[PDB]
Amino acid sequence: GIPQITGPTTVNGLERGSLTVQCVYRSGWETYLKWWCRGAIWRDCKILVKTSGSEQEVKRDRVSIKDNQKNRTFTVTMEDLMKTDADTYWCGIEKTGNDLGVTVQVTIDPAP
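Taking the authors' numbering, I'd label the letters of the sequence shown as residues 18 to 129.
If you want it as structure tokens, here you go:
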């Protein structure tokens with residue numbers, strides 16, 4: 018491979034359902050903080066959750082994140098999906114001056 022950070026181009030979930038996202042990064046970023054932000058513009062990004070750079074799973078409301086440094090891929094999990102969650106998100110990596118990010122498009126379908 019060659020791109021520093023990777024992820025699915027798009028992900029789909031069902032209303033009240035659950036969806037996960039896997040972002041793979043290359044050697045070197047294992048210790049950086051990892052996060053899931055909402056919004057297409059990186060500047061006014063809406064950070065939903067993030068790790069402290071360790072492998073501890075961190076959860077905030079309906080979003081949890083856990084970094085698997087051996088596999089060099091962190092997993093973002095969104096529970097109890099809502100139709101308003103559909104948006105463009107970012108899988109971001111960051112620490113002491115550096116950061117990478119790749120957008121993931123989230124789609125939500127309804128039942129009833």
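No residue lacks a Cβ here, since even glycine has one placed at the ideal position from N, Cα and C.
### Message
Using CA atoms only, rank isn't needed, just tell me which of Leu117, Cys54 and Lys100 is closest to residue 10.
### Response
The shown model of the chain, from 18 to 129, leaves out residue 10, and the question about it has no answer.
### Task
Give a yes or no on contact between the stretch 41–59 and the stretch 85–92, applying the rule of three or more CB pairs nearer than 8 Å.
In short, these stretches touch, since the Cβ pair count reaches three.
### Query
Helix or strand or just coil, what does DSSP make of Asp116?
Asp116: strand per DSSP, three-state reduction.
### Task
On a CA-only basis, which of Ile110, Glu72, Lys67 and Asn85 is nearest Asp78? Give me that one, please.
Comparing Cα positions, the closest option is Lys67.
#### Entry: CA nearest to the CA of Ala103, picked from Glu111, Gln21, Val123 and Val38
Sorting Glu111, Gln21, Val123 and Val38 by C-alpha distance to the C-alpha of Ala103 places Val123 at the top.
### Length-filtered (3 minimum) beta strand (DSSP E) runs lying within the stretch 81–112
Listed in chain order, they are 90–95 and 104–112.
### Close Cβ partners of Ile64 (< 7 Å) along its chain, the five nearest in sequence each way excluded
Taking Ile64 as the centre and dropping the five residues before and after it, the same chain places the C-beta of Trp52 and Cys54 closer than 7 Å to its C-beta, in chain order.
### Query
How many angstroms separate the CA atom of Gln39 from the CA atom of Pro25?
One Cα belongs to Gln39, the other to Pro25, and the distance between them is close to 7 Å.
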